[PDB]
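Asker: Take these chains first, placed just as they are in the complex:
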Amino acid sequence: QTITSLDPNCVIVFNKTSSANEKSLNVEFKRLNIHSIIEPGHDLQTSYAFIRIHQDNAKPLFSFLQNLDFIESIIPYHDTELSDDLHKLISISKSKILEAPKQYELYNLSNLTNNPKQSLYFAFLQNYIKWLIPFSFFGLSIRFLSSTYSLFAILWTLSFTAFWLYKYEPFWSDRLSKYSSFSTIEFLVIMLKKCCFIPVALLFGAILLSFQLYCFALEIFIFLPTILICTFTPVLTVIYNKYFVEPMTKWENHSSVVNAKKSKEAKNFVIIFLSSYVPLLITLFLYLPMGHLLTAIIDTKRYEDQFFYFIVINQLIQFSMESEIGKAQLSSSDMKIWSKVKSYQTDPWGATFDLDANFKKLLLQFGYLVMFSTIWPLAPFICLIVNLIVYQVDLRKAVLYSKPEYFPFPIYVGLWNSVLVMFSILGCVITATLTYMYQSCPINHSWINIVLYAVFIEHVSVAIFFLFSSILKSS
């Protein structure tokens, strides 16, 4: 009997440090009902115990493991049959990627893996690409042919938010929670600590807000520092939130682990939002008026290069996100399976795709699109190209390399939804204000008129969104 001949539909990996305890006895005297194999793992402190599973012996095998409390992780392995279907699906998607992804392809993927988190994110990306085709087409038309553009951006942004929040997401949430199969991730008072993070986030947020400005002037005074400042700042936020964010989560010690991580990404979001949007809004509104304010030689690069520095940081997040064999006499097929399990545990790409992380780059991109479309008409087309190429790469990495986290058969968005609504409103007001100021630019109205206009647009844009939300809720 070989590893492949067993054809494991389930993988159990348990610590080998308890060799004196020899936990392998526990997994074998309960093995009397279904066959299993054992073979030492990647390192000297782990071992791989592949076992075949079915709906009949669904409950008891996991119930014993839960009480054992020494299994390091559970891997719902794809066998040859499922993997062949996944290969066929990816080969179909690879052909003629120019066409927009279709819902039948989405349905086939959701049925194959029955993974709620994969289906939810992939639904959003296909919807975003589909709705980005018309808006980018208008952006192409306005540039070639040449106030109408501003209103289209306003209506499209609110319509996309309204449709996703209340028309498509509820259907997908019900479909994914209807499966609600065994989740190996979940298996195996907040008023005080959460409030204290806002001031320290503001404290550090203004530090790198000024730090980016100070280092920006360094390049003017001096091409190499361009890379340095766009690599040191992401390091600075990574080192800062490692010594701050996870301490706050630890000392808040919430019972549930699923919502503890969602608080971590909320804290990680406020820093990046303050360090990637507020500088953009400040620079855009203070480029021209500062000249008539008699600053302190005035140059175009204080905003062109500043824009370049901030946008390239987001594409750096995009770029970053994108003996044993001989002893066991493993055949070629077996060695492929063993290396697959090792890649699931150690290789970063073999890890489960972080739903919060992947949604983060799509949401941050959505903010940049809406809140800077009015100044760059060709921006939507650039986003559509990036989204199409990021769809195929994320699809491939999620079905062929990403760690599966839901079993074929049952065994007994959240913050980002509110972020998208906040982004849509903020993008709406910043779009109208730019149209009301830059259309006749260096400011033709005093600051009282701009602020009053912004408030009026903010309230009406809030009103229009509820009107859209009510209409979709009725159906």
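Answerer: Yep, that arrived. Numbers count the residues shown, from 1 in each chain, chains lettered A, B, ... in the order given.

Asker: From here on, just use CA atoms for contacts and neighbour counts.
Answerer: Fine.

Asker: in the stretch 301-450 of chain A, which spans are helices?
Answerer: Assigned by DSSP state H, counting those that start in this stretch, the helices in the stretch 301-450 of chain A fall at A:301-321, A:324-328, A:332-345, A:355-371, A:379-400, A:415-438, A:447-474.

Asker: Would you reformat those helices as CSV and include mean neighbour count and distance to residue A:89?
Answerer: Putting the helices of the stretch 301-450 of chain A into CSV (neighbours: other Cα atoms under 10 Å; distance: least, Cα to Cα, whole Å) gives the following:
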stretch, mean neighbour count, distance to residue A:89
helix A:301-321, 14, 23
helix A:324-328, 12, 31
helix A:332-345, 16, 20
helix A:355-371, 18, 21
helix A:379-400, 17, 9
helix A:415-438, 19, 29
helix A:447-474, 14, 33
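
Asker: Which among the ones you listed is found nearest to residue A:29?
Answerer: Nearest of those to residue A:29, taken as Cα to Cα: helix A:324-328 at 22.7 Å.

Asker: Contacts made by that closest one with the rest, please.
Answerer: A:39, A:40, A:41, A:42, A:335 (Cα atoms under 8 Å, 6 or more residues apart in numbering).

Asker: Apart from its chain neighbours, what residue comes closest to residue A:76?
Answerer: Spatial nearest neighbour of residue A:76, chain neighbours left out: residue A:10 (4.8 Å); criterion: Cα to Cα, 6 or more residues apart in numbering.

Asker: Which one of the helices of the stretch 301-450 of chain A lies nearest to residue A:62?
Answerer: Distance to residue A:62, taken as Cα to Cα, is lowest for helix A:332-345 among the helices of the stretch 301-450 of chain A, at 19.6 Å.

Asker: other SSEs contacting the closest one?
Answerer: Other helices and strands packing on helix A:332-345, by 3 or more Cα pairs under 8 Å, 6 or more residues apart in numbering; DSSP states H and E, are helix A:3-6.

Asker: who does the helix or strand that the helix it packs on is followed by pair up with?
Answerer: With elements assigned by DSSP states H and E, the helix or strand that comes after helix A:3-6 is strand A:10-15. The pairing partners recorded for strand A:10-15 under DSSP bridges are strand A:46-51 (antiparallel), strand A:71-75 (antiparallel).

Asker: to the structure above, add chain B:
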Amino acid sequence: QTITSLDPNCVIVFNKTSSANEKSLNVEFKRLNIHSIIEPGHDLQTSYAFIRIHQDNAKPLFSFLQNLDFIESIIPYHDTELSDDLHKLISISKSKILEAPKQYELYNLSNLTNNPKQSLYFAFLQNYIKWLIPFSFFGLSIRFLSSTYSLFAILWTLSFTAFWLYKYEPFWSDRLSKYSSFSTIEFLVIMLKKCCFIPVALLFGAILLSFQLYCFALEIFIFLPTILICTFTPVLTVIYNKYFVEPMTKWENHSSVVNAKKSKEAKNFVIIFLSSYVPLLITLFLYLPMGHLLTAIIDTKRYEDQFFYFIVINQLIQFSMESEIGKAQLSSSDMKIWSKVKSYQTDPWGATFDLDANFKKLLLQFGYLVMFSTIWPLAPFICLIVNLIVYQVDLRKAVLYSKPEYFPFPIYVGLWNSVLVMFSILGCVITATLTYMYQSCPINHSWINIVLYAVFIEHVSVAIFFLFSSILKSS
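Answerer: Chain B added:
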């Protein structure tokens, strides 16, 4: 066998116009399992058919009734035992009404009647009185002793709104929907017309906004016109909503009746909201600044009398809201029961209490209190007295005279919440602006400073309300 000897736990009143058809044959050959009596009703086209009911014969009798589709209404009558229990509860409540109403009395009433609507409204009123005690105490203290009052008003308003919306309302809704007993009320494209109501509501809204102003000057030019205008304006709004609101409701022809009623009360709320608040804010913001604007002799009555006119209208709504015997040889108790049923069918006080109407009067009082507390410190105490007396009167009228709408045993808020939230936010902003304007009054700052301060207060109040909502939802 007399009427009282039957002791009806259920009353069926059916149309007597079909005397040739004589539906009484149906109600008597479906009477084969439980005893019943028949006796002619108040008028020549109605008849009263009292019947005893129990959990055993619960479904089929009502199924046959709804099949007949000629019963005019269904009355879940209170027998002698239930009426005695209600009398005892009311007698207990009447003793020492000075004390704040207690939750055990509320629980006893809710268990006695099992009426979700009565329980919900009475819970809201008791909570309002309990939360109104401390604010009125602070008002009395600030009046006797002499910014702190403004901040206390803001915090109290937001805290009460959050607590009622997310701490007590869910529990009461769950408790009332757990009963969800037989509701005789329910027994027996939307954007099209509803959006068109706003412009016509604004069209008339400015008409009586100016009409109240124009008639106000008539009194100055001239005591009787006070009563004349304060009675003509409600008549005008009533006739306008009779000739406008119900046509829109009919031509929207929504399937359900409960949401048709809620939309009707929503339409009636917009007119009264505008005509009862918009003049108040306009006068409160324009009584002093108009003098330095060189109007057209200035007096105090242009604001004092206007305030009296607008306040007295609400108290007019409060004031308004607060042969057969011989032929059948009815006994004294039989005649009492028959007259009770007649008062249920015809007497206005015998009709079901309108949840929307009473909630509307309470919400208008809350809005007035929150939006004009800062200028009249003793307003909360008058509000508390009025709420206590109206609580007593409403409790008596609901438990002794109001038409029951829920059977003892099962047989198989909405808009006002958002209204309360909006009223709380508006009261917060108006109180803060009044505190920022009147503390050094005739205006020490330009309109831009006032508008910016108002916008900032509105945003921070929305933030504080959301914070309170999140804390309350956490538990």
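
Asker: now with chain B: the contacts of helix A:324-328?
Answerer: Applying Cα atoms under 8 Å, 6 or more residues apart in numbering or on different chains, the external contacts of helix A:324-328 come out as A:39, A:40, A:41, A:42, A:335.

Asker: ok, 7 Å please
Answerer: residue A:335 (Cα atoms under 7 Å, 6 or more residues apart in numbering or on different chains).

Asker: what does stretch A:354-366 give?
Answerer: Contact with stretch A:354-366 is made by A:117, A:265, A:420, as judged by Cα under 7 Å, 6+ apart.

Asker: near chain B, which residues of the stretch 351-475 of chain A show up?
Answerer: Residues of the stretch 351-475 of chain A lying close to chain B (Cα under 7 Å from any Cα of the partner chain) are A:448, A:471.

Asker: again with chain A
Answerer: Contact residues (Cα under 7 Å from any Cα) of chain A with chain B: A:191, A:448, A:471.

Asker: which of the residues you listed lies closest to residue B:416?
Answerer: Nearest to residue B:416 out of the residues of chain A next to chain B is residue A:471 (Cα to Cα; 19.7 Å).

Asker: Leaving aside the residues adjacent along the chain, what's closest to that closest one?
Answerer: residue B:191 (7.0 Å; Cα to Cα, 6 or more residues apart in numbering or on different chains).

Asker: cool, residue A:280 as well?
Answerer: In space, residue A:280 comes closest to residue A:307 once its chain neighbours are excluded; the distance is 7.3 Å by Cα to Cα, 6+ apart.

Asker: ok, how many other residues are close to the residue in the stretch 51-200 of chain A that chain B sits nearest to?
Answerer: In the stretch 51-200 of chain A, the residue that lies nearest chain B is residue A:191 (6.2 Å; Cα to the nearest Cα). Per other Cα atoms under 10 Å in any protein chain shown, the neighbour tally for residue A:191 reads 14.

Asker: Run through the residues that contact residue A:401.
Answerer: Counting by Cα under 7 Å, 6+ apart, residue A:401 makes contact with A:349, A:350.

Asker: ok so, going back, quick check: the residue of the stretch 51-200 of chain A closest to chain B touching residue B:470?
Answerer: No - taking contacts as Cα atoms under 7 Å, residue A:191 lies outside contact range of residue B:470: 8.4 Å.

Asker: just to revisit the earlier point, same list (the contacts of stretch A:354-366) but as JSON lines, adding distance to residue B:385.
Answerer: Converted to JSON lines, those look like this (distance: Cα to Cα, whole Å):
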{"residue": "A:117", "distance to residue B:385": "56"}
{"residue": "A:265", "distance to residue B:385": "51"}
{"residue": "A:420", "distance to residue B:385": "47"}
